[PDB]
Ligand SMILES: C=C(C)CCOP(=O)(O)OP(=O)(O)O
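There is one chain below, alone, in structure tokens, taken in the form solved without this ligand.
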């Protein structure tokens, strides 16, 4: 863990050195190094690093001691998921028109950066991952499996982000109406009652968060430690990641309200309200939800149906469900790490 935080500079510098190998004039090399050193520092640091620490701990409790060479490969993957998290946060802040991230200005808002640089910076941060995995793991037998884990988890995350963005959009509500390529007119957003259910929510939440925040770090630690791809434990870990991803997102929905409502987002409190509330309360929800004004707050006042109390009842049930799955892994090491992660989160 201590080594993981300390090794940050090494991975950032190993990538910056690859850019410094390019055929460019010395003055231009200096300019890109100063910009890209800040792109990595401003967006990769200041975080809790739970995804990164998960790789370290999984690798440590699977391994059967660990030298500096093996730890360098484990810490590389741990920092690659932190880079992936940074690439997703920069992209998410552009998309959801964010104002603050890790208690400071969103990267894309900076006048030396702007939307034009931030879009290009998401692809840079994303591609740096595969360059870093090549630098430190290209000769490991697990190399192709590791890069496929990053690629497949990213694809599922992109689909999860798409669904989160367009679940209440006109193309999803008016299913029979094909997309009009001639219409270039900020389309007024409204809530869709057909999508306000727990089934649709799980679909989004698992794809948007579970694969890159839970499945990818655990699989990274397991692949590097030598657990064969065909082993039964990987599917068990996939199902646990889904349960944890759902648990983590419902907690994050609970922490954002009691910009979620303002951005017309499908949240666990919104679904729970609709499940217990009657028809006049439903009309009120449709009328207020998805507006940038503080008066439209009626939704916050309705959240009346004791949603905060319902969450405490959900959290108890969900934790027991995750523990039930963990207890059947038949691996003491992974079981200790996952139980530890479930508390300290």
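We call the rigid core the largest set of C-alpha positions that still match within 1.5 Å between the two forms. Numbering follows the first chain given and starts at 1.
S.K.: Stretch 38 to 46 versus stretch 286 to 294: after rigid core alignment, which one is farther off in C-alpha RMS in 9 other deposited structures of this protein?
M.R.: Output: 286 to 294, the stretch lying farther off on average in 9 other deposited structures of this protein.
S.K.: Determine, for 245 to 253 and 271 to 279, which one has C-alphas that on average lie farther from this form in 9 other deposited structures of this protein; superpose on the rigid core first.
M.R.: Checking 245 to 253 against 271 to 279 in 9 other deposited structures of this protein, I find the farther stretch is 271 to 279.
S.K.: I'd like to know whether residue 174, which is modelled here, goes unmodelled in a third or more of the other compared entries that cover its flanking residues.
M.R.: Result for residue 174: often missing, at least a third of the compared entries.
S.K.: What about residue 64, is it left unmodelled in a third or more of the other PDB entries we looked at?
M.R.: In at least a third of the comparable entries (those modelling both sides of it), residue 64 has no coordinates.
S.K.: Which fits the stretch between residue 286 and residue 287: none, 1 to 3, 4 to 9, or 10 or more deposited residues lacking coordinates?
M.R.: The entry has no gap there; residue 286 and residue 287 are joined directly.
S.K.: Please figure out whether residue 64 and residue 65 are truly consecutive in the deposited sequence or have unmodelled residues between them, and give none, 1 to 3, 4 to 9, or 10 or more.
M.R.: Unresolved stretch here: 1 to 3 residues.
S.K.: Identify the stretch, either 208 to 216 or 222 to 230, whose C-alpha atoms have the larger mean B-factor according to the entry.
M.R.: Averaged over C-alpha atoms, the B-factors run higher in 222 to 230.
S.K.: Comparing 307 to 315 with 49 to 57, where is the mean C-alpha B-factor higher?
M.R.: Per the PDB entry, the higher value belongs to 307 to 315.
S.K.: Looking at 44, 294, 38, 320, which one carries the largest C-alpha B-factor according to the PDB entry?
M.R.: Largest recorded C-alpha B-factor: 294.
S.K.: Checking the entry, which one of 235, 131, 151, 251 has the top C-alpha B factor?
M.R.: Max CA B-factor in the entry, restricted to 235, 131, 151, 251: 251.
S.K.: Determine, from the deposited record, the chain-internal third of the Cα B-factor for residue 177: lowest, middle or highest.
M.R.: Highest third, going by the recorded CA B-factors of the chain.
S.K.: Residue 198: which third of its chain by C-alpha temperature factor?
M.R.: According to the entry, residue 198 has a C-alpha B-factor in the chain's middle third.
S.K.: When the modelled residues of the chain are sorted by Cα temperature factor, does residue 101 land in the lowest, middle or highest third?
M.R.: As the PDB entry reports it, the C-alpha B-factor of residue 101 lands in the middle third of its chain.
S.K.: Which third of the chain holds residue 242 when residues are ordered by C-alpha B factor: lowest, middle or highest?
M.R.: Lowest third of the chain for residue 242's C-alpha B-factor.
S.K.: Relative to the other modelled residues in the chain, which third contains the C-alpha temperature factor of residue 147: lowest, middle or highest?
M.R.: It falls in the bottom third of the chain.
Omitted from view is the form deposited with this ligand bound, to which the following refers.
S.K.: Residue 268 near this ligand in the entry with it bound, any heavy atom under 4.5 Å?
M.R.: Residue 268: no contact with this ligand in the entry with it bound.
S.K.: So in the entry with it bound, does any heavy atom of residue 128 sit within 4.5 Å of this ligand?
M.R.: Contact with this ligand, no.
S.K.: Does any heavy atom of residue 108 come within 4.5 Å of a heavy atom of this ligand in the entry with it bound?
M.R.: Result no; residue 108 lies far from this ligand in the entry with it bound.
S.K.: So in the entry with it bound, is this ligand close enough to residue 79 to count as touching (4.5 Å, heavy atoms)?
M.R.: Close contact is absent here: in the entry with it bound, residue 79 is far from this ligand, nothing within 4.5 Å, heavy atoms only.
S.K.: Counting any heavy atom within 4.5 Å as contact, can you tell me which stretch out of 189 to 197, 96 to 104, 233 to 241, 220 to 228 lines this ligand in the entry with it bound?
M.R.: Careful reading of the contacts points to 96 to 104.
S.K.: Would you check whether this ligand, in the entry with it bound, lies within 4.5 angstroms of a non-hydrogen atom from each of 47, 212 and 249?
M.R.: Yes.
S.K.: Exactly one residue in 51, 310, 291, 297 has a non-hydrogen atom within 4.5 Å of this ligand in the entry with it bound; which is it?
M.R.: Of 51, 310, 291, 297, the residue with a heavy atom within 4.5 Å of this ligand in the entry with it bound is 51.
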